[PDB]
């Protein structure tokens, strides 16, 4: 079991050089005059100060009209499904990041995760503002609760939980790597059917207010992916005993599964009824994301057939 560190360890190492992501021997004073993990402190500053944003300073005068009239029945169904799921995801994230933060022994990394946890809270605030602004009170509740109706949404949610619940029940080193990899996958993939969709509506001038909110959320998710990419790669070097062949295998499995499921969710939401998104065009996106993120944490591409981002336009569109 990963023994959760005492609030203060007077027998703790003074040398910042002796810090470890996990299983270190810190004082648990945030001795930030010496930083071992420069990327953790930089990412704290970027998430906490540089990229700071206020969801209510984004004006939402247009979208309530476009929803009521201009949007098709299929476009409203998607909007509902995507926002319901992203509300689920960010909710799981604010809660699970408290688990990671309390197990990590490097103060600069703990700081980066506190900043991440806060950004996840701002997202929860952004979605509440989107629904308060765009739709009516009953519809807003319905969207928050759309897992209660839709089995493909409910199962999406129970699945993401299960992997996080393994670590909470059995807080061992194996279930920590799993939970960490799951966090990276959730941040890597599970936002991007949703992001691609909203950026599609925005390409033809639909829900450009919601899309503004999304650009800010998506800027945050890149930093989060960047934070956990560094954490996984640093855990490789510092704890190679934990990356057994059984784990190295399991990582490739879940990543392939996750790419598969995100694609299908992308298809169940759109269904070729959205002017810009094809059931095929979803694949080449999620497949390119999978390769990008799994190779970035030191693996072989899991879909070598794909070696090009189909939606390259996004990278310029998403920008602020």
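Residue numbers count along the first chain shown, from 1.
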property	result
Mean Cα B-factor comparison, 112-120 or 197-205, giving the higher one as deposited	197-205
Residue range whose averaged C-alpha B-factor is higher in the record, 224-232 or 242-250	242-250
Selection from 289, 54, 29, 35 [criterion: highest C-alpha temperature factor in the record]	289
Assigned third (lowest, middle, highest) for the C-alpha B factor of residue 306	highest
Chain thirds of CA B-factor: placement of residue 312	highest
Residue 276 CA temperature factor, ranked by third within the chain	highest
Chain-wide C-alpha B factor ranking for residue 181, given as lowest, middle or highest third	lowest
Relative C-alpha B-factor of residue 212, binned into the chain's lowest, middle or highest third	middle
